[PDB]
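One file, upload_24.cif, carrying mmCIF, N, CA and C atoms:
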```
data_entry
loop_
_atom_site.label_atom_id
_atom_site.label_comp_id
_atom_site.auth_asym_id
_atom_site.auth_seq_id
_atom_site.Cartn_x
_atom_site.Cartn_y
_atom_site.Cartn_z
N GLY A 24 3.65 3.97 -22.81
CA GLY A 24 3.94 4.57 -21.40
C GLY A 24 3.91 3.44 -20.31
N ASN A 25 4.92 2.60 -20.44
CA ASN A 25 4.97 1.25 -19.81
C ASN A 25 5.75 1.12 -18.46
N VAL A 26 6.29 2.25 -17.89
CA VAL A 26 6.89 2.27 -16.53
C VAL A 26 5.84 2.89 -15.72
N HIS A 27 5.39 2.23 -14.64
CA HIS A 27 4.45 2.77 -13.70
C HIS A 27 5.12 3.18 -12.41
N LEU A 28 4.85 4.43 -12.02
CA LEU A 28 5.35 5.04 -10.78
C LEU A 28 4.40 4.75 -9.68
N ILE A 29 4.97 4.16 -8.63
CA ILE A 29 4.22 3.79 -7.46
C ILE A 29 4.52 4.77 -6.34
N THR A 30 3.43 5.34 -5.81
CA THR A 30 3.44 6.37 -4.76
C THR A 30 2.59 5.91 -3.55
N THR A 31 1.72 4.92 -3.79
CA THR A 31 0.84 4.45 -2.73
C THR A 31 0.84 2.95 -2.56
N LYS A 32 0.76 2.52 -1.30
CA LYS A 32 0.54 1.12 -0.96
C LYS A 32 -0.63 0.50 -1.70
N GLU A 33 -1.71 1.25 -1.91
CA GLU A 33 -2.84 0.77 -2.72
C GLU A 33 -2.44 0.56 -4.21
N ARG A 34 -1.66 1.49 -4.80
CA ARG A 34 -1.29 1.33 -6.21
C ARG A 34 -0.32 0.14 -6.39
N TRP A 35 0.67 0.00 -5.52
CA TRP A 35 1.45 -1.25 -5.44
C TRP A 35 0.59 -2.50 -5.45
N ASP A 36 -0.34 -2.55 -4.49
CA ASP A 36 -1.24 -3.70 -4.26
C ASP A 36 -2.14 -3.98 -5.47
N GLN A 37 -2.47 -2.94 -6.21
CA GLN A 37 -3.27 -3.06 -7.41
C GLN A 37 -2.47 -3.70 -8.53
N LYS A 38 -1.33 -3.07 -8.85
CA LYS A 38 -0.38 -3.52 -9.91
C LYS A 38 0.19 -4.96 -9.76
N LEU A 39 0.56 -5.32 -8.54
CA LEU A 39 0.87 -6.70 -8.23
C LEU A 39 -0.36 -7.61 -8.54
N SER A 40 -1.59 -7.19 -8.18
CA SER A 40 -2.81 -7.99 -8.56
C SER A 40 -2.98 -8.15 -10.04
N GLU A 41 -2.88 -7.06 -10.78
CA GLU A 41 -2.92 -7.13 -12.27
C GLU A 41 -1.89 -8.05 -12.90
N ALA A 42 -0.66 -8.00 -12.37
CA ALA A 42 0.40 -8.77 -12.98
C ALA A 42 0.09 -10.25 -12.73
N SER A 43 -0.29 -10.58 -11.50
CA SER A 43 -0.72 -11.95 -11.09
C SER A 43 -1.88 -12.38 -12.03
N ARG A 44 -2.99 -11.60 -12.03
CA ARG A 44 -4.09 -11.74 -13.05
C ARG A 44 -3.54 -12.22 -14.41
N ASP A 45 -2.56 -11.50 -14.96
CA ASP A 45 -2.01 -11.81 -16.28
C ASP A 45 -0.77 -12.61 -16.34
N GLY A 46 -0.38 -13.25 -15.23
CA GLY A 46 0.84 -14.08 -15.23
C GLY A 46 2.08 -13.31 -15.71
N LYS A 47 2.14 -12.01 -15.39
CA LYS A 47 3.38 -11.23 -15.59
C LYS A 47 4.29 -11.26 -14.34
N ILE A 48 5.58 -11.33 -14.58
CA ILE A 48 6.62 -11.03 -13.58
C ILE A 48 6.75 -9.51 -13.48
N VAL A 49 6.78 -9.01 -12.24
CA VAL A 49 6.91 -7.55 -11.89
C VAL A 49 8.35 -7.28 -11.70
N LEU A 50 8.87 -6.28 -12.40
CA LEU A 50 10.18 -5.75 -12.14
C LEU A 50 9.95 -4.49 -11.28
N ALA A 51 10.39 -4.49 -10.02
CA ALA A 51 10.22 -3.33 -9.18
C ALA A 51 11.58 -2.65 -8.99
N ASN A 52 11.64 -1.36 -9.34
CA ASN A 52 12.84 -0.49 -9.24
C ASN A 52 12.60 0.45 -8.11
N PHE A 53 13.29 0.19 -6.98
CA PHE A 53 13.03 0.98 -5.77
C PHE A 53 14.08 2.02 -5.91
N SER A 54 13.65 3.25 -6.18
CA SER A 54 14.65 4.27 -6.43
C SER A 54 14.22 5.64 -5.91
N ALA A 55 15.05 6.64 -6.17
CA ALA A 55 14.90 7.93 -5.47
C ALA A 55 15.06 9.07 -6.53
N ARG A 56 14.36 10.20 -6.34
CA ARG A 56 14.40 11.28 -7.39
C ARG A 56 15.75 11.89 -7.47
N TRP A 57 16.36 12.14 -6.32
CA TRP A 57 17.59 12.96 -6.29
C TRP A 57 18.79 12.06 -6.17
N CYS A 58 18.73 10.96 -6.92
CA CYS A 58 19.67 9.89 -6.87
C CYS A 58 20.35 9.77 -8.19
N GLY A 59 21.65 9.87 -8.13
CA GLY A 59 22.48 9.92 -9.29
C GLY A 59 22.54 8.63 -10.08
N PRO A 60 22.97 7.53 -9.47
CA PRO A 60 22.81 6.28 -10.26
C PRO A 60 21.38 5.90 -10.70
N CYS A 61 20.35 6.41 -10.05
CA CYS A 61 18.96 6.17 -10.44
C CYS A 61 18.53 6.96 -11.71
N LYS A 62 18.97 8.21 -11.77
CA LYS A 62 18.86 9.07 -12.94
C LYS A 62 19.66 8.44 -14.02
N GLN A 63 20.88 8.05 -13.78
CA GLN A 63 21.65 7.38 -14.83
C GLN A 63 20.95 6.23 -15.61
N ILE A 64 20.10 5.39 -14.93
CA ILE A 64 19.49 4.21 -15.57
C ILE A 64 18.04 4.46 -15.89
N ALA A 65 17.49 5.59 -15.52
CA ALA A 65 16.06 5.81 -15.68
C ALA A 65 15.54 5.75 -17.11
N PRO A 66 16.27 6.38 -18.08
CA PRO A 66 15.94 6.26 -19.56
C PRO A 66 16.12 4.83 -20.07
N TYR A 67 17.25 4.19 -19.76
CA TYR A 67 17.39 2.72 -20.03
C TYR A 67 16.19 1.83 -19.52
N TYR A 68 15.59 2.22 -18.39
CA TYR A 68 14.57 1.40 -17.78
C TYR A 68 13.29 1.62 -18.61
N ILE A 69 13.11 2.86 -19.08
CA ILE A 69 11.92 3.11 -19.89
C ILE A 69 12.08 2.33 -21.19
N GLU A 70 13.27 2.43 -21.80
CA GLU A 70 13.56 1.72 -23.05
C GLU A 70 13.32 0.25 -22.84
N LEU A 71 13.96 -0.40 -21.86
CA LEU A 71 13.56 -1.80 -21.46
C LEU A 71 12.08 -2.03 -21.31
N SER A 72 11.33 -1.14 -20.72
CA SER A 72 9.95 -1.44 -20.58
C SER A 72 9.13 -1.54 -21.91
N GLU A 73 9.64 -0.86 -22.92
CA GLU A 73 9.06 -0.82 -24.28
C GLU A 73 9.34 -2.11 -24.95
N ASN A 74 10.52 -2.68 -24.68
CA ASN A 74 11.00 -3.91 -25.31
C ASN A 74 10.56 -5.23 -24.72
N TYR A 75 9.99 -5.21 -23.50
CA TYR A 75 9.59 -6.40 -22.79
C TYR A 75 8.22 -6.26 -22.18
N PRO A 76 7.18 -6.23 -23.06
CA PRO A 76 5.79 -6.29 -22.59
C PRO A 76 5.38 -7.45 -21.68
N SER A 77 6.10 -8.56 -21.58
CA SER A 77 5.60 -9.55 -20.57
C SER A 77 6.12 -9.34 -19.11
N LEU A 78 6.92 -8.29 -18.88
CA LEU A 78 7.30 -7.85 -17.52
C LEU A 78 6.51 -6.61 -17.24
N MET A 79 5.88 -6.52 -16.11
CA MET A 79 5.38 -5.23 -15.63
C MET A 79 6.45 -4.43 -14.93
N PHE A 80 6.85 -3.29 -15.52
CA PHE A 80 7.94 -2.39 -14.98
C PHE A 80 7.40 -1.37 -13.99
N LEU A 81 7.80 -1.50 -12.70
CA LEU A 81 7.40 -0.48 -11.73
C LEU A 81 8.66 0.26 -11.27
N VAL A 82 8.45 1.51 -10.87
CA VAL A 82 9.40 2.36 -10.11
C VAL A 82 8.79 2.65 -8.77
N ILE A 83 9.49 2.38 -7.67
CA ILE A 83 8.92 2.70 -6.35
C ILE A 83 9.74 3.84 -5.82
N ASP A 84 9.01 4.86 -5.44
CA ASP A 84 9.65 6.14 -5.06
C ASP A 84 9.94 5.93 -3.59
N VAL A 85 11.21 5.72 -3.21
CA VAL A 85 11.45 5.29 -1.80
C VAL A 85 11.25 6.45 -0.81
N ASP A 86 11.58 7.69 -1.19
CA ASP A 86 11.27 8.91 -0.36
C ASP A 86 9.79 9.01 0.02
N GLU A 87 8.92 8.89 -0.97
CA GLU A 87 7.49 8.73 -0.73
C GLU A 87 7.05 7.47 0.11
N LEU A 88 7.29 6.24 -0.40
CA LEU A 88 6.93 5.00 0.35
C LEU A 88 8.08 4.53 1.36
N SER A 89 8.40 5.37 2.35
CA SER A 89 9.57 5.13 3.22
C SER A 89 9.42 3.92 4.17
N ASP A 90 8.20 3.69 4.64
CA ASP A 90 7.91 2.59 5.53
C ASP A 90 7.83 1.32 4.72
N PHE A 91 7.16 1.39 3.56
CA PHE A 91 7.02 0.20 2.67
C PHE A 91 8.43 -0.27 2.21
N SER A 92 9.29 0.68 1.91
CA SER A 92 10.68 0.44 1.58
C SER A 92 11.51 -0.22 2.69
N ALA A 93 11.37 0.25 3.94
CA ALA A 93 12.07 -0.36 5.07
C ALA A 93 11.61 -1.76 5.13
N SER A 94 10.33 -1.98 4.96
CA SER A 94 9.80 -3.32 4.91
C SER A 94 10.40 -4.19 3.84
N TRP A 95 10.89 -3.64 2.72
CA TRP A 95 11.55 -4.46 1.68
C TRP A 95 13.05 -4.35 1.86
N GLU A 96 13.40 -3.79 3.02
CA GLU A 96 14.77 -3.66 3.49
C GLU A 96 15.62 -3.00 2.43
N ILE A 97 15.15 -1.87 1.89
CA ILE A 97 15.99 -1.22 0.92
C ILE A 97 17.17 -0.56 1.62
N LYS A 98 18.39 -0.89 1.22
CA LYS A 98 19.67 -0.43 1.81
C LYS A 98 20.49 0.46 0.86
N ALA A 99 20.02 0.58 -0.38
CA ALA A 99 20.72 1.37 -1.40
C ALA A 99 19.78 1.54 -2.56
N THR A 100 20.01 2.60 -3.35
CA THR A 100 19.20 2.97 -4.50
C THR A 100 20.11 3.03 -5.72
N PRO A 101 19.64 2.52 -6.88
CA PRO A 101 18.33 1.83 -7.06
C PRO A 101 18.42 0.35 -6.57
N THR A 102 17.34 -0.22 -6.08
CA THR A 102 17.34 -1.63 -5.92
C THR A 102 16.22 -2.26 -6.78
N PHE A 103 16.57 -3.29 -7.57
CA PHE A 103 15.60 -4.04 -8.41
C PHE A 103 15.18 -5.39 -7.89
N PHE A 104 13.88 -5.65 -7.80
CA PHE A 104 13.43 -7.05 -7.52
C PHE A 104 12.60 -7.56 -8.69
N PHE A 105 12.80 -8.78 -9.05
CA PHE A 105 11.88 -9.51 -9.94
C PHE A 105 11.02 -10.36 -9.13
N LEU A 106 9.73 -10.09 -9.24
CA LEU A 106 8.74 -10.71 -8.45
C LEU A 106 7.72 -11.56 -9.23
N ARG A 107 7.53 -12.85 -8.85
CA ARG A 107 6.38 -13.58 -9.40
C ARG A 107 5.45 -13.85 -8.29
N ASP A 108 4.22 -13.39 -8.41
CA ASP A 108 3.28 -13.55 -7.35
C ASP A 108 3.93 -13.14 -6.07
N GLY A 109 4.76 -12.09 -6.13
CA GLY A 109 5.29 -11.60 -4.86
C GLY A 109 6.50 -12.29 -4.23
N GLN A 110 7.13 -13.20 -4.96
CA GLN A 110 8.15 -14.03 -4.40
C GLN A 110 9.22 -13.47 -5.22
N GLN A 111 10.43 -13.40 -4.66
CA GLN A 111 11.49 -12.86 -5.34
C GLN A 111 12.10 -13.90 -6.16
N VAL A 112 12.27 -13.63 -7.45
CA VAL A 112 12.92 -14.56 -8.30
C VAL A 112 14.27 -14.09 -8.43
N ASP A 113 14.51 -12.77 -8.22
CA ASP A 113 15.84 -12.24 -8.47
C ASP A 113 15.94 -10.86 -7.95
N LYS A 114 17.12 -10.29 -7.98
CA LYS A 114 17.36 -9.02 -7.30
C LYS A 114 18.67 -8.48 -7.81
N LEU A 115 18.75 -7.18 -7.92
CA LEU A 115 19.91 -6.52 -8.44
C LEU A 115 19.96 -5.27 -7.63
N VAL A 116 21.04 -5.11 -6.87
CA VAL A 116 21.36 -3.79 -6.31
C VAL A 116 22.34 -2.99 -7.19
N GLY A 117 21.91 -1.77 -7.53
CA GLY A 117 22.65 -0.84 -8.32
C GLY A 117 22.19 -0.71 -9.78
N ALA A 118 22.47 0.45 -10.37
CA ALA A 118 22.29 0.76 -11.78
C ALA A 118 23.25 0.04 -12.69
N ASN A 119 23.29 -1.27 -12.61
CA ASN A 119 24.16 -2.01 -13.47
C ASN A 119 23.39 -2.41 -14.76
N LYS A 120 23.53 -1.64 -15.84
CA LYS A 120 22.76 -1.85 -17.13
C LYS A 120 22.83 -3.24 -17.75
N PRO A 121 24.04 -3.75 -18.05
CA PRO A 121 24.34 -5.14 -18.51
C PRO A 121 23.76 -6.27 -17.67
N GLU A 122 23.97 -6.15 -16.37
CA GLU A 122 23.45 -7.12 -15.41
C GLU A 122 21.93 -7.15 -15.38
N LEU A 123 21.30 -5.98 -15.42
CA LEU A 123 19.84 -5.89 -15.36
C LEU A 123 19.22 -6.57 -16.60
N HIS A 124 19.74 -6.14 -17.74
CA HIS A 124 19.39 -6.74 -19.02
C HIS A 124 19.63 -8.27 -19.03
N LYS A 125 20.80 -8.74 -18.59
CA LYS A 125 20.95 -10.20 -18.44
C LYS A 125 19.97 -10.89 -17.53
N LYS A 126 19.56 -10.26 -16.41
CA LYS A 126 18.55 -10.90 -15.55
C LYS A 126 17.21 -10.89 -16.23
N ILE A 127 16.89 -9.84 -16.95
CA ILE A 127 15.59 -9.81 -17.61
C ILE A 127 15.52 -11.00 -18.66
N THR A 128 16.60 -11.13 -19.42
CA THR A 128 16.83 -12.15 -20.48
C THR A 128 16.63 -13.57 -19.92
N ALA A 129 17.29 -13.87 -18.79
CA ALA A 129 17.22 -15.15 -18.10
C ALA A 129 15.85 -15.51 -17.53
N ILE A 130 15.21 -14.59 -16.80
CA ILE A 130 13.81 -14.75 -16.36
C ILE A 130 12.79 -14.87 -17.49
N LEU A 131 13.11 -14.28 -18.63
CA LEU A 131 12.15 -14.26 -19.68
C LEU A 131 12.05 -15.66 -20.35
N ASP A 132 13.16 -16.23 -20.86
CA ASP A 132 13.13 -17.59 -21.52
C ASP A 132 12.53 -18.67 -20.60
N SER A 133 12.99 -18.71 -19.36
CA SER A 133 12.76 -19.89 -18.56
C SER A 133 11.46 -19.94 -17.72
N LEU A 134 11.23 -18.96 -16.86
CA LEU A 134 10.00 -18.90 -16.03
C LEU A 134 8.75 -18.57 -16.85
#
```
Transcribe the structure of this file into C-alpha cells.
Amino acid sequence: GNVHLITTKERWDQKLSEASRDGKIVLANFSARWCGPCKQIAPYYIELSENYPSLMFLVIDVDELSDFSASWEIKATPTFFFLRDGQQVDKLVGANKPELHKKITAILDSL
C-alpha cells in the first residue's frame, strides 16, 4: 500500500521528512478526485509505486490542500514533481504514462 494520500500540511511535512531521513526522492502527484486524466493514470501510479520502492509516491489532493497547491503554482491536474530534499529535480504536467515512466527511469539510475 505504497501511494500515500496527502490531505494535511502536517502529513506532507512528515512524509518529506521521512523521505529525506531515508534518502528517497518524493514523487508528488498533485491531482483531483473528479478529474478525468487523473483517474485515467491513478491505477498506473499505484502499479508504479509497487515497482519502485526507492521513490516515495505521494498524491496531493488539490481540492483539499487548495492554498498549499497555489503555493506550488498548480495550473493543471495531474501535476507531478520529483523532489529531492524539496528541490525539484523534475516535473511532468499531465497524465502522460510513457513520459512519467521515462522520468522515473532517468532519476532512478543517476541521482
- What does the distance from atom N of residue 53 (chain A) to atom C of residue 86 (chain A) come to in Å, to one decimal?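 Taking atom N of residue 53 (chain A) and atom C of residue 86 (chain A), their separation equals 11.8 Å.
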- Tell me which residues the PyMOL selection byres (((chain A and resi 114-120 and name CA) around 7) and name CA) grabs here, as a VMD selection string. chain A and resid 60 to 61 64 100 to 105 113 121 to 124
Could you write out that same residue set with N, CA and C atoms as a PDB file, keeping the file's coordinate frame?
```
ATOM      1  N   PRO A  60      22.970   7.530  -9.470  1.00  0.00           N
ATOM      2  CA  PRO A  60      22.810   6.280 -10.260  1.00  0.00           C
ATOM      3  C   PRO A  60      21.380   5.900 -10.700  1.00  0.00           C
ATOM      4  N   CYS A  61      20.350   6.410 -10.050  1.00  0.00           N
ATOM      5  CA  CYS A  61      18.960   6.170 -10.440  1.00  0.00           C
ATOM      6  C   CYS A  61      18.530   6.960 -11.710  1.00  0.00           C
ATOM      7  N   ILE A  64      20.100   5.390 -14.930  1.00  0.00           N
ATOM      8  CA  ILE A  64      19.490   4.210 -15.570  1.00  0.00           C
ATOM      9  C   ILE A  64      18.040   4.460 -15.890  1.00  0.00           C
ATOM     10  N   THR A 100      20.010   2.600  -3.350  1.00  0.00           N
ATOM     11  CA  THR A 100      19.200   2.970  -4.500  1.00  0.00           C
ATOM     12  C   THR A 100      20.110   3.030  -5.720  1.00  0.00           C
ATOM     13  N   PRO A 101      19.640   2.520  -6.880  1.00  0.00           N
ATOM     14  CA  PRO A 101      18.330   1.830  -7.060  1.00  0.00           C
ATOM     15  C   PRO A 101      18.420   0.350  -6.570  1.00  0.00           C
ATOM     16  N   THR A 102      17.340  -0.220  -6.080  1.00  0.00           N
ATOM     17  CA  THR A 102      17.340  -1.630  -5.920  1.00  0.00           C
ATOM     18  C   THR A 102      16.220  -2.260  -6.780  1.00  0.00           C
ATOM     19  N   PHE A 103      16.570  -3.290  -7.570  1.00  0.00           N
ATOM     20  CA  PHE A 103      15.600  -4.040  -8.410  1.00  0.00           C
ATOM     21  C   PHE A 103      15.180  -5.390  -7.890  1.00  0.00           C
ATOM     22  N   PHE A 104      13.880  -5.650  -7.800  1.00  0.00           N
ATOM     23  CA  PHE A 104      13.430  -7.050  -7.520  1.00  0.00           C
ATOM     24  C   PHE A 104      12.600  -7.560  -8.690  1.00  0.00           C
ATOM     25  N   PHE A 105      12.800  -8.780  -9.050  1.00  0.00           N
ATOM     26  CA  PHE A 105      11.880  -9.510  -9.940  1.00  0.00           C
ATOM     27  C   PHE A 105      11.020 -10.360  -9.130  1.00  0.00           C
ATOM     28  N   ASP A 113      14.510 -12.770  -8.220  1.00  0.00           N
ATOM     29  CA  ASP A 113      15.840 -12.240  -8.470  1.00  0.00           C
ATOM     30  C   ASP A 113      15.940 -10.860  -7.950  1.00  0.00           C
ATOM     31  N   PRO A 121      24.040  -3.750 -18.050  1.00  0.00           N
ATOM     32  CA  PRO A 121      24.340  -5.140 -18.510  1.00  0.00           C
ATOM     33  C   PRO A 121      23.760  -6.270 -17.670  1.00  0.00           C
ATOM     34  N   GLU A 122      23.970  -6.150 -16.370  1.00  0.00           N
ATOM     35  CA  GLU A 122      23.450  -7.120 -15.410  1.00  0.00           C
ATOM     36  C   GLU A 122      21.930  -7.150 -15.380  1.00  0.00           C
ATOM     37  N   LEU A 123      21.300  -5.980 -15.420  1.00  0.00           N
ATOM     38  CA  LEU A 123      19.840  -5.890 -15.360  1.00  0.00           C
ATOM     39  C   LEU A 123      19.220  -6.570 -16.600  1.00  0.00           C
ATOM     40  N   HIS A 124      19.740  -6.140 -17.740  1.00  0.00           N
ATOM     41  CA  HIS A 124      19.390  -6.740 -19.020  1.00  0.00           C
ATOM     42  C   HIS A 124      19.630  -8.270 -19.030  1.00  0.00           C
TER      43      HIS A 124
END
```
- Neighbours of residue 48 (chain A) within 10 Å (only C-alpha atoms; same-chain residues fewer than 3 positions away dropped), as a ChimeraX atom specification? /A:39,42-43,45,51,77-80,104-112,127,130-131,134
- Message: If we count all atoms listed in the file and set the cut-off at 8 Å, which residues sit around residue 31 (chain A), ignoring sequence neighbours fewer than 5 positions away in its own chain? Please answer as a PyMOL selection string.
- Response: chain A and resi 36-37+83-84+87-88
- Between CA of residue 30 (chain A) and CA of residue 85 (chain A), what is the distance, to one decimal in Å?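 Separation of CA of residue 30 (chain A) and CA of residue 85 (chain A): 8.6 Å.
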- Item | Which residue of A:27, A:75, A:89, A:96 approaches residue 132 (chain A) most closely, using only C-alpha atoms |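 Counting only C-alpha atoms, the residue closest to residue 132 (chain A) is A:75.
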- Message: Can you pull out every residue from region 24-113 of chain A that DSSP, working from the backbone, puts in strand (DSSP E or B), and format the result as a PyMOL selection string?
- Response: chain A and resi 26-29+48-54+78-84+102-107+110-113
- Item | Atomic separation - CA of residue 67 (chain A) relative to CA of residue 94 (chain A), Å |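 The value is 26.8 Å.
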- Assign secondary structure with DSSP using the backbone only, and return the residues of region 31-133 of chain A in alpha helix (DSSP H) as a PyMOL selection string. chain A and resi 32-44+59-74+89-94+120-133
Would you compute the box with edges along x, y and z of the file around region 31-41 of chain A, including every atom the file lists for it and 4 Å extra on each side, and give its centre and edge lengths in Å to one decimal, as JSON?
```
{"center_x": -0.8, "center_y": -1.6, "center_z": -6.9, "size_x": 13.0, "size_y": 21.1, "size_z": 19.9}
```
- Message: Could you list, as a ChimeraX atom specification, every residue matched by the PyMOL selection byres (((chain A and resi 24 and name CA) around 12) and name CA) in this structure?
- Response: /A:25-28,68-74,76,79-81
